[PDB]
Amino acid sequence: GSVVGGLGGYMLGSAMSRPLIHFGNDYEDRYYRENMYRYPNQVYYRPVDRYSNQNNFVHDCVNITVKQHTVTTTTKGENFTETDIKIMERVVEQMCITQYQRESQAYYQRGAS
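To convert, count from 1 in the sequence shown and add 118; that's the authors' numbering.
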């Protein structure tokens, strides 16, 4: 069960097995394998309907998603180091973009130009 009278503001994404995005290091690639089961495999968004634009939309979906975990690490004194956050900083954005690439259809049809 879940009981979060704030995060019901956002919806849960498409979902993905182990999202491992190739940062192109060895260390940033391994550090994931360790805490894999502790990282979020998803991100938080809405279906392009109260939340619109791309540039600042991604900056805000990225922020509000990751914030809702990094504020949660600063609850106890964040075991998630800077380099643990910076992994997720990218992953959150990619999975925001990857969700948003589904909702191309709805945007294209509901506007044009």
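We treat Cβ as the ideally placed atom computed from N, Cα and C, and that holds for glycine.
{"Item": "For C214, collect the residues of the same chain with a Cβ closer than 6 Å to its Cβ; drop the 5 residues on either side in sequence, then sort them by chain order.", "Value": "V161, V176, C179, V180"}
{"Item": "Near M129, what residues of its chain come up, given a Cβ to Cβ distance below 8 Å and the 5 sequence neighbours on each side ignored?", "Value": "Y162, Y163, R164, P165"}
{"Item": "Is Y162 helix, strand or coil when you go by DSSP?", "Value": "strand"}
{"Item": "I need the DSSP call for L125, collapsed to helix, strand or coil.", "Value": "helix"}
{"Item": "Write down the C-beta distance between residue 95 and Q217 rounded to the nearest angstrom, noting that I regard them as a contact closer than 8 Å.", "Value": "The chain is shown only over 119 to 231; residue 95 falls outside these bounds and no answer can be derived."}
{"Item": "Using the rule of at least 16 other Cβ atoms within 10 Å of the residue's Cβ for burial, across every protein chain shown, is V209 buried or exposed?", "Value": "buried"}
{"Item": "According to the neighbour-count rule (16 or more other Cβ atoms, all chains shown, within 10 Å of its Cβ), is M154 buried or exposed?", "Value": "exposed"}
{"Item": "Suppose the cutoff is 7 Å on Cβ atoms and the five residues either side in sequence are ignored; what does the same chain contact list for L138 look like?", "Value": "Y150"}
{"Item": "Between which residues of its own chain and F141 is the CB-CB distance below 6 Å, once the five residues before and five after are set aside?", "Value": "none"}
{"Item": "CA-CA distance, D202 and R168?", "Value": "31 Å"}
{"Item": "Is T188 a contact residue of the ligand SAM, with contact defined as CB to any heavy atom under 7 Å?", "Value": "The ligand SAM is not part of the structure shown, which contains no ligands of any sort."}
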